[PDB]
Amino acid sequence: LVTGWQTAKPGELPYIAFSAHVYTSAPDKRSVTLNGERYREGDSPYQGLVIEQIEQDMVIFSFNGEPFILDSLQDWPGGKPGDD
């Protein structure tokens with residue numbers, strides 16, 4: 001259903017289809033699937049969205065400094081993680 005990263009206004013994130021999540025005690029073996037691609041802790045799927053940590057029930061990003069959290073399989077509808 002969503003593959004790749006739609007264009008987005010400055011300071012905003014496009015739609016994020018969060019379709020899969022793998023958690024292991026081993027940190028480097030965690031993964032999330034965002035917009036049809038698999039990512040790891042440390043990766044930046046979109047500028048400057050960084051995957052900070054993959055937890056069991058959520059993933060903790062930073063976006064332009066500020067933390068930004070999605071629960072496991074929780075999509076982002078698009079926008080600034082800010083209002084809503």
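All residue numbers refer to positions in the sequence shown, counting from 1. No hydrogens, no waters, no symmetry mates; every other heavy atom, side chains included, goes into these values.
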Min side-chain heavy-atom separation [X]-[Y] under 4.5 Å:
X     : Y     : answer
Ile51 : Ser44 : no
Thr33 : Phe18 : no
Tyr46 : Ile16 : no
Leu13 : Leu49 : yes

Under the rule for side-chain contact (heavy atoms from CB on, under 4.5 Å), what residues qualify as partners of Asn64, not counting sequence neighbours?
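For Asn64 there are no side-chain contact (heavy atoms from CB on, under 4.5 Å) partners, ignoring immediate neighbours.
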So, for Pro81 and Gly11, which heavy atoms are closest and what is the spacing to 0.1 Å?
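For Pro81 and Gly11, the tightest heavy-atom pair comes out as CD-O, 4.4 Å.
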Qualifying side chain to side chain donor-acceptor pair (under 3.5 Å) pairs, either residue in residues 10-20, two or more places apart:
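Checked against side chain to side chain donor-acceptor pair (under 3.5 Å) - neighbours excluded - the pairs reaching residues 10-20 are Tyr15-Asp75.
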Taking only residues at least two apart or on different chains, which pairs with a member in residues 35-60 satisfy salt bridge (charged side-chain N to carboxylate O under 4.0 Å, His left out)?
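Counting only pairs at least two positions apart or across chains, the salt bridge (charged side-chain N to carboxylate O under 4.0 Å, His left out) contacts touching residues 35-60 are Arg30-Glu41.
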Connecting only ILVMFWY residues whose side-chain heavy atoms lie within less than 4.5 Å of each other, what is the rest of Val50's hydrophobic cluster?
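When side chains under 4.5 Å apart are linked, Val50 ends up in no cluster with other residues.
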Pairs touching residues 64-84 that satisfy ring pair (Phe, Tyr, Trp, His ring centres under 6.0 Å), sequence neighbours left out:
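Qualifying pairs, neighbours excluded: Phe61-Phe68, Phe68-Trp76.
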With the 4.5 Å side-chain cut-off for hydrophobic clustering, are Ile60 and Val32 part of the same group?
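Each belongs to a different hydrophobic cluster.
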Are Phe63 and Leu70 connected, step by step, through hydrophobic side chains (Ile, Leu, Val, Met, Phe, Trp, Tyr) whose heavy atoms are closer than 4.5 Å?
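Linked within one cluster.
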side-chain hydrogen bond (donor to acceptor under 3.5 Å, both in side chains) against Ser72, all qualifying residues, sequence neighbours excluded:
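Only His21 meet the side-chain hydrogen bond (donor to acceptor under 3.5 Å, both in side chains) criterion with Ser72.
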Show the numbers, then the answer: is there a side chain to side chain contact (heavy atoms under 4.5 Å, CB included) between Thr3 and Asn35?
CA-CA 5 Å; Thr3 313; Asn35 289 337; over 6 Å; no
